[PDB]
Amino acid sequence: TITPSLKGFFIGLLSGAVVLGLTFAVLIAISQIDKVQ
Amino acid sequence: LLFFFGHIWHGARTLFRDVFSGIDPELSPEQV
Amino acid sequence: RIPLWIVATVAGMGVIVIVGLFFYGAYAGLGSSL
Amino acid sequence: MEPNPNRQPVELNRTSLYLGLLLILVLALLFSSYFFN
Amino acid sequence: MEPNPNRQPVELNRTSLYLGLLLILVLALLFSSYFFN
Amino acid sequence: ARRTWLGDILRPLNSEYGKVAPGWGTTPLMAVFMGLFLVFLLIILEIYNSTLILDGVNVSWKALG
Amino acid sequence: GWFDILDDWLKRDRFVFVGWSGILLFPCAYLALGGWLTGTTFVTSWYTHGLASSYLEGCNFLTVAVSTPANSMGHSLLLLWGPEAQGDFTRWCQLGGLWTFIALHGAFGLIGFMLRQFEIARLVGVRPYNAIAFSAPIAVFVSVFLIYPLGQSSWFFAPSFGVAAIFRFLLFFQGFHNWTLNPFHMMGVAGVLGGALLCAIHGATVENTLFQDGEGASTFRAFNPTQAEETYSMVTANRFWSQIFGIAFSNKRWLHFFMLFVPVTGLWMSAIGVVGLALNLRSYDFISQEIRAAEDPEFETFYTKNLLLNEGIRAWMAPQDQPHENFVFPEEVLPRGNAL
Amino acid sequence: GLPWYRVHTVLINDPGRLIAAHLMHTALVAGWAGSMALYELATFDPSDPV
Amino acid sequence: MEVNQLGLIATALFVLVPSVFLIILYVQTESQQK
Amino acid sequence: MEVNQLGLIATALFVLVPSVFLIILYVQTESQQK
Amino acid sequence: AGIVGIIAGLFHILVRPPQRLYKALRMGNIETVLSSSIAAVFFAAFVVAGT
Amino acid sequence: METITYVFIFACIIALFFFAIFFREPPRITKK
Amino acid sequence: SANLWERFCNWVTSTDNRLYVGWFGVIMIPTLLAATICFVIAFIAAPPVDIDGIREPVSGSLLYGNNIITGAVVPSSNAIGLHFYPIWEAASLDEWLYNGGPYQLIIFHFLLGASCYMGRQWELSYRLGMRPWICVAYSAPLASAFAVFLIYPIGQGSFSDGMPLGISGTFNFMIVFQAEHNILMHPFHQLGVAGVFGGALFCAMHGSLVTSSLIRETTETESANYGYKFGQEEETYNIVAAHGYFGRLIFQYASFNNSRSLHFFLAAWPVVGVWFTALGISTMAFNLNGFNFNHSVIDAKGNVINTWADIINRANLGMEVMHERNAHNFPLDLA
Amino acid sequence: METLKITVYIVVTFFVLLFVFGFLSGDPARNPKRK
Amino acid sequence: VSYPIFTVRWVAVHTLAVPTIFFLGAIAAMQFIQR
Amino acid sequence: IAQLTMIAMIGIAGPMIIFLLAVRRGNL
Amino acid sequence: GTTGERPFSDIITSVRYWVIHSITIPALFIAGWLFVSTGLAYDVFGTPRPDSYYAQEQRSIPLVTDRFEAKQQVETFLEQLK
Amino acid sequence: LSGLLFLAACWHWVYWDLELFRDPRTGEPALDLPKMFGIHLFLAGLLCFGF
Amino acid sequence: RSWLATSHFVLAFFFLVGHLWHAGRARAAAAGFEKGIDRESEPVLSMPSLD
Ligand code: CLA
Ligand code: CLA
Ligand code: CLA
Ligand SMILES: CCCCCCCCCCCCCCCC(=O)OC[C@H](CO[C@H]1O[C@H](CS(=O)(=O)O)[C@@H](O)[C@H](O)[C@H]1O)OC(=O)CCCCCCCCCCCCCCC
Ligand SMILES: CC1=C(/C=C/C(C)=C/C=C/C(C)=C/C=C/C=C(C)/C=C/C=C(C)/C=C/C2=C(C)CCCC2(C)C)C(C)(C)CCC1
Ligand SMILES: CC1=C(/C=C/C(C)=C/C=C/C(C)=C/C=C/C=C(C)/C=C/C=C(C)/C=C/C2=C(C)CCCC2(C)C)C(C)(C)CCC1
Ligand SMILES: CC1=C(/C=C/C(C)=C/C=C/C(C)=C/C=C/C=C(C)/C=C/C=C(C)/C=C/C2=C(C)CCCC2(C)C)C(C)(C)CCC1
Ligand SMILES: [Cl-]
Ligand SMILES: [Fe+2]
């Protein structure tokens, strides 16, 4: 159970989510700052 | 690999059914 | 205000120099044969 | 050039197609044995 | 029965015939060598 | 048109044509199964590619009999 | 809703259009290009191919490359945090981790880019015939850099990202696969070569059948950016080629679709051929020819000649081209002609 | 009228004839299968499975 | 078996060629307006 | 020579069948009144 | 997958597609079912070619 | 047999060339 | 008769001919006909040719065991070299066919005709009041035929080293070329593929953009091509909508808005690219070959550290070492 | 064989003469406008 | 007009410009390495 | 040893003979 | 034909730009230079130094022969003073 | 099975204008794709399970 | 011999292109249509259809 390669998988699955997070985090923020019509 | 093209083709033809047969007037582009 | 034609000609030569530096390195660096 | 006034249209009805195909196929079913010999 | 109102006529112009025949023949001239192998 | 025995029984199943849910309906819930599916595929892929090793799973012609 | 506000921002007309597609495109596209330029200057191929492959080692723009991983790796994705590199970056580089890096990222970058084409077309309200066309380059990249090595033993036999490293990929396919003799490849070149003809001939045709819409000799200024009349005489163009070549266009709409069809179709045929080379299902030989050549020692064709060239290519290259095989070919076993 | 590569667009909104089409297709695929099998059985040699 | 090599294509062309001729005509007849 | 027996009919049908298809259509187009 | 397929099935028989999606994926237009089906068909094909 | 097949197809292409050039559809202007 | 010769000149020059027989045509038409007829007969029925002059006849015709892919017209003997070998220079046709006589007859007649073909592409343009330079675009593929059929043999000293008239024969020319010259590592060649790749690229670019920005004049179940009539006044596509799209694909200023600047680029790129590739073959006809980076990068001790350039060299040796088996007697291949 | 050479030479001379005397016969004139 | 400074274009531009010069400096130094 | 000093001067000489003209404004 | 961004032409011409970039641009250059000249680059990417391709006597290549124990195998290659 | 599907194909061709394909509202031919998918997916999973 | 031979062939060729370019322009300049076809008097439109 919980082998070294499986731990590495979580590391890559978590570090990936983070990238998606910060990206969309920034995007959602800046998007709601200017768009008047 | 061949069916990839068919997907891209029909998919395009679905989302672009309106602009199929051609386009029509106006002159907007470079100004939001 | 710096005249455009000067900006290019200076950046132009600046490019010929560094790239020319590369061509020299073809006869001296590790990319040599000696 | 002047459109040649000697031409007529050509016609082949559906039965004639059927009668024809029936002729071609059975002839082939008859002679194929001799073609393979 | 009611004549199905969804049908359209089919068309193939003379050029398309030529362009077609050209494609078929040259393809045959290309693959025939490999068919005989 | 032309009604039939079978046709009438199947009439209800085909009638709610343009009927949609309002707004973003079940979309957000779907987006979760979608993300779960993506990770799911990534798992069995990396297992097949031996990028994800698990003692008990031996991705070879072995472990068979 | 935040979504439509997120949308609003993305689809804003900037200098460099982002769009939803951009969320996928720009990250990968940059990493792919960046990864190459990195490996090109810094990372070596010593531990993987026994080769120098960077400016740091002395290679020039031609000889530099981001070489494939070892054959030992197999078809491993070679993740930085994978069982091989084990999170280590330096090791990752030395094991050719940058290759799968460039390949996979670039792969998604090509997906994002066509999506961009689709997305932008939709907004501008134009037909997506630019996305359909771009499928040919996709098929090629997919078939050659992914499908092909997936059929072979490992990523090692995939084309390495580099100028010279691509040249060997050509010579390899000649020697081992006899790729030039493949019907699908021939259609390939016919499309590219024929496509490069259409490009030339049409451009030249237009520039030299133009109407006079100005008083200057440099007729470039004399063009109306806002449609109206045809800038060049289509009717004159027609009668010209009809008299010099015998055949000529007469439907700009067909002429331009034809310009799409030819090079796109060619690239697709060449892709199929490569997919077959993955399983090594090549068009190497003509059985009827070999059987006669065996019984008859005086029978010689340019086909027979070429195969002898392949034998030489395979024998003399294999040792240093496939290190993992530990090849040892004695001088006496090396196939050679006279004197040379 | 319709180009050769568009003749089947005659079904895009004709559910009856579309099902009729799919039925014909399915028949062909099932037809091939049965008959492709007979071809193998008429040529396959079971004399040695080793 | 020990049949003729040309038997196959001879039978094939014997069916198609004339059948083709007919179909060409029928379909050309069928599509005549009015 | 020592070629494929089926090469001949494979080439023959590869030419006829699709050419046949075309001619069927062309001639059927050609005969449409008006 | 069968049970999941049975459950997911009942779902789509009951729950209707969100307006946003119906508009987006041009549903009620059969040539969009083709686009997605083809997408899945070649996905499966690439897999069986691999296995 | 093979030689025959090759020349035949070739001869057919040349035949097509002829018809394509001299028996084309006359390219008519404006009123088409 | 207003004057026979005056009438003759008016007929030749006449723009009312189905095919424009020009003054260049007076030379083209006969030369091209001899080339083609001789070719067709050779490719089918010509006997084996001793190309390398080593009494080792190479059969390349259909009737002599070849198919389309393998079949070819074999270059003249190496014993002949650059000597002129017309039919009337042989004791017999049997001899003429054995020493690769047909080859010269073809290449000379073709190159002559193909040149006049370029000359005619000017003449007709002159007679019709349109601008020239179309023939200038055709000078690139012609300059390639010249390089491959004439310039390289001249440089190498024999027509036997000219590119054969056939599929597989063309492959041999390339493979060997690569061995003796390392063409892939030559700038002019690289510019050629750049022009050829870019060409196919731009051909698809222009093709798609235009066909994608067509003004609607057709039905949903009607060919989009019919929305154009031969001899239109106005344009059939929205070039401003085309520019709007492509301008957003990359960025505005990296997009064409001038159709004339567009089509010029469409013509200039491949023509120029092929021009260099033609000059490449013509240059390597005098043994000015591609870059030689063999054993360049070496380590601190002096050991040779291999590059891809070396891996290329191994492939090249194999070609070199095996080509023309029995033709060489001496260490260096200076021919 | 010595005959064929003569024949050919005559033939080639013919077309070549037709070519030179051709452009000589006021060829610049032959065109739409200014001549 | 009152143009801004930091924009998306600015970002894009720098993602390529900044490493480039850094590489151009790196490569330039390599020209002096020997053995 | 380092004749790059030469090139430098003769190199900037070119743009100089037109720069001075951008100063004295005339005849470009 | 215009968007929000400040016209490049103006910026590349503005004295303010150069006052900035006469510092920034060479800075990056010198940094990249040091990156190589200090030999740091060699360690960041495990690239062999001219005296680090072979051992003194050895003439064999340090080819990685197995995926999972590759990293360990690589480290072992550095051991023999390679 | 092929023969039976054949005969079936013919019947559905002649009797194309079944009311089942007509929408009660618009009176024009229409197919409710979202519910159909649900039906088929249910049958698929049910058959998948059994297998 | 290699340097000279190669250099002067490249030059000789491009000059043949330069020849064609400048000779083609001169013929059109003289006759006077080197700047485009006259929209009004379009020569081709005055010639019989060969079709
Ligand atoms: C959005 C753009 C994008 C995309 C599509 C990719 C795609 C990829 N990158 Mg990548 N990358 C990006 C941006 C992107 N990158 C950026 C901006 C950087 C700079 C930091 C990098 C730096 C980078 C490196 C350094 C490496 C990659 C690698 C990879 C590949 C493998 C990564 C992987 O396993 O994904 C994993 C996928 C995910 C994590 C997605 C998960 C999303 C779900 C919905 C979240 C669920 C999380 C949750 C906790 C799960 C709960 C389940 C529970 C049971 C635990 C893959 C092709 C690797 C590679 O190329 O290997 C050769 C590699 O080594 N990337
Ligand atoms: C799930 C499979 C599938 C289905 C149901 C369709 C259905 C359709 N396609 Mg399509 N397509 C597919 C896959 C599919 N395609 C794939 C994989 C590709 C990529 C190659 C394409 C590329 C494509 C294009 C480019 C076009 C269509 C068009 C069409 C429409 C009209 C078809 C027509 O009249 O052609 C009739 C075709 C013929 C009469 C000639 C066919 C001759 C073939 C090529 C020779 C081989 C026949 C052989 C028996 C096939 C064996 C099947 C094989 C899979 C085992 C129709 C809705 C057209 C459209 O949308 O109309 C506007 C259109 O222009 N498709
Ligand atoms: C009464 C029904 C029936 C039965 C029992 C069989 C039985 C058989 N057929 Mg068959 N067939 C049938 C109807 C049937 N056929 C029909 C109607 C057709 C015409 C279309 C065919 C066409 C056909 C061919 C062409 C072939 C067979 C073959 C076979 C044999 C092997 C089957 C196999 O490997 O599965 C194959 C299994 C699959 C293809 C799996 C499909 C699963 C897909 C990918 C999933 C679809 C997506 C799904 C909707 C996703 C949601 C699911 C959800 C649970 C998540 C077997 C004896 C083979 C044979 O040996 O010939 C005799 C063969 O080559 N069949
Ligand atoms: C050793 C020397 C050998 C000498 C040969 C003997 C003399 C030549 C006899 C020619 C007989 C064949 C006639 C052909 C008719 C024809 O071509 O079109 C008939 C048309 C109609 O005009 C023509 O026809 C008109 C009469 S009529 O309309 O045809 O009735 C006429 O009035 C007009 O003047 C004329 O232009 O002729 C032309 O358009 C003139 C151009 C003819 C081009 C010749 C062929 C070009 C070949 C190029 C090279 C090809 C390479 C190989 C290709 C596979
Ligand atoms: C890898 C990796 C990564 C990435 C990074 C990056 C992204 C980088 C980038 C980098 C870059 C981005 C670089 C660049 C470079 C560039 C260069 C280096 C250039 C050069 C150029 C030149 C040299 C030029 C030349 C020329 C031309 C080509 C034209 C003509 C003229 C001349 C000569 C000027 C990360 C960390 C994420 C993660 C891990 C992995
Ligand atoms: C009616 C009926 C019947 C009968 C039935 C039958 C008899 C059936 C059959 C059927 C069949 C018998 C079918 C078949 C089919 C087949 C097919 C359908 C095939 C196809 C093929 C193909 C399509 C191919 C293609 C190709 C080629 C040609 C080459 C290249 C490759 C490929 C593969 C692409 C019975 C009595 C029972 C009862 C009921 C009634
Ligand atoms: C990229 C570009 C550009 C730029 C360019 C450049 C950068 C140029 C440069 C140029 C140059 C840089 C020039 C120079 C020149 C110089 C000269 C021309 C000089 C001469 C001199 C002489 C001749 C003298 C000599 C001598 C001496 C000094 C001493 C000894 C003796 C004697 C007296 C001999 C532009 C803006 C256009 C724009 C487009 C892009
Ligand atoms: Cl050889
Ligand atoms: Fe165009």
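Tabulated results
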{"quantity": "Peptide-level mean, for G:3-12, of C-beta atoms on other protein chains within 10 Å", "calculated": "5"}
{"quantity": "The range G:22-340: C-alpha gyration tensor shape, a/c 1.5 cut-off, then a/b vs b/c", "calculated": "oblate"}
{"quantity": "Reachable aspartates and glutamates, given that their alpha-carbon falls under 18 Å from the alpha-carbon of A:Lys7 and they are not under 8 places away in the same chain", "calculated": "F:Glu46, F:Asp55, G:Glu84, G:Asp88, Q:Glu69"}
{"quantity": "Which listed pairs, of G:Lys11/R:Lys35; J:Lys34/L:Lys31; G:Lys252/L:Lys31; K:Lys23/R:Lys35, have C-alpha distances above 25 Å, in listed order", "calculated": "G:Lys11/R:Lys35"}
{"quantity": "Size of charge dipole - the protein assembly as shown - debye, nearest 20, with Cβ of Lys, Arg +1 and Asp, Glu -1, no other charges", "calculated": "3840"}
{"quantity": "Integer Hz, Karplus 6.51/-1.76/1.60 couplings in order for the range M:112-127, x for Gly and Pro", "calculated": "5, x, 4, 6, 4, 4, 5, x, 6, 4, 8, 3, 4, 5, 6, 5"}
{"quantity": "Nonlocal amide H pairs with H:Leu2, under 5 Å, H built at 1.01 Å", "calculated": "E:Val10, E:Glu11"}
{"quantity": "Sites matching GluC sites (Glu not before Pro) across the range M:88-165 that sit in DSSP coil, with at most 15 neighbouring C-beta atoms within 10 Å", "calculated": "none"}
{"quantity": "Under 5 Å, built H, 5+ apart or other chain: amide partners of M:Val73", "calculated": "M:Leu165, M:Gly166"}
{"quantity": "Fewest-first ranking of O:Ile5, K:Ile38, using other Cβ atoms within 10 Å as the exposure measure", "calculated": "O:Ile5, K:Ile38"}
{"quantity": "Centroid-to-centroid separation of the range G:79-143 and the range I:3-22 [C-alpha atoms, Å]", "calculated": "51"}
{"quantity": "0 to 90° range, to nearest 10: angle between helix Q:70-79 axis and chain Q longest Cα axis", "calculated": "80"}
{"quantity": "Computed magnitude of the charge dipole of the range G:1-159 (debye, nearest 20; Cβ of K, R +1, Cβ of D, E -1)", "calculated": "300"}
{"quantity": "Selected from G:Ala165, G:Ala294, G:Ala133 as most flexible by GNM, with chain G as the system and alpha-carbon contacts under 10 Å", "calculated": "G:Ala294"}
{"quantity": "Furthest towards positive pole of dipole, M:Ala309, P:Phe19, L:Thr30, structure part the protein assembly as shown, Cβ charges", "calculated": "P:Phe19"}
{"quantity": "Amide H contacts under 5 Å for G:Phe211, placed H, 5+ residues apart", "calculated": "G:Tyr232, G:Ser233, S:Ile37"}
{"quantity": "Note, ³J(HN,Hα) from phi for the range E:19-34, Karplus 6.51, -1.76, 1.60, rounded to Hz, x at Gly and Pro", "calculated": "4, x, 3, 4, 5, 4, 4, 5, 5, 5, 5, 8, 9, 4, 4, 7"}
{"quantity": "Fluctuation leader among G:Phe286, G:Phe176, G:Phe184 - chain G, Gaussian network, Cα springs under 10 angstrom", "calculated": "G:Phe286"}
{"quantity": "All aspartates and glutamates inside 18 Å of N:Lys35 as judged from Cα atoms, apart from same-chain residues fewer than 8 positions distant", "calculated": "M:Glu6, M:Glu123, N:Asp27, S:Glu34, S:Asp38, S:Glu42"}
{"quantity": "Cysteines not pairable in the protein assembly as shown (beta carbon separation under 4.7 Å absent)", "calculated": "G:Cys28, G:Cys59, G:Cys93, L:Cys12, M:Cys9, M:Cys38, M:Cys116, M:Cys135, R:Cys10, R:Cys48"}
{"quantity": "Selection of chymotrypsin sites (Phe, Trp or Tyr not before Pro), chain F, meeting DSSP coil and at most 11 other Cβ within 10 Å", "calculated": "F:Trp61"}
{"quantity": "Dipole of the range Q:6-82, positive direction: furthest Cα of Q:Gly46, Q:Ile30, Q:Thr13, with charges on the beta-carbon", "calculated": "Q:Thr13"}
{"quantity": "DSSP-assigned coil residues among GluC sites (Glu not before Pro) in the range G:195-269, each with at most 10 further Cβ atoms within 10 Å", "calculated": "G:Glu215"}
{"quantity": "Test item: Cα-centred dipole of chain G, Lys/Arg +1 and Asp/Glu -1 on Cβ, debye", "calculated": "780"}
{"quantity": "³J(HN,Hα) computed for each position of the range F:23-33 - Karplus, 6.51 cos²θ - 1.76 cosθ + 1.60, integer Hz, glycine/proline x", "calculated": "x, 8, x, 8, 2, x, 5, 4, 4, 8, 4"}
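Read-outs: derived from the displayed coordinates by stated rules, not from any lab. As a convention, Cβ positions derive from the backbone with ideal geometry for all residues, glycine included, and neighbour counts pool all protein chains shown.
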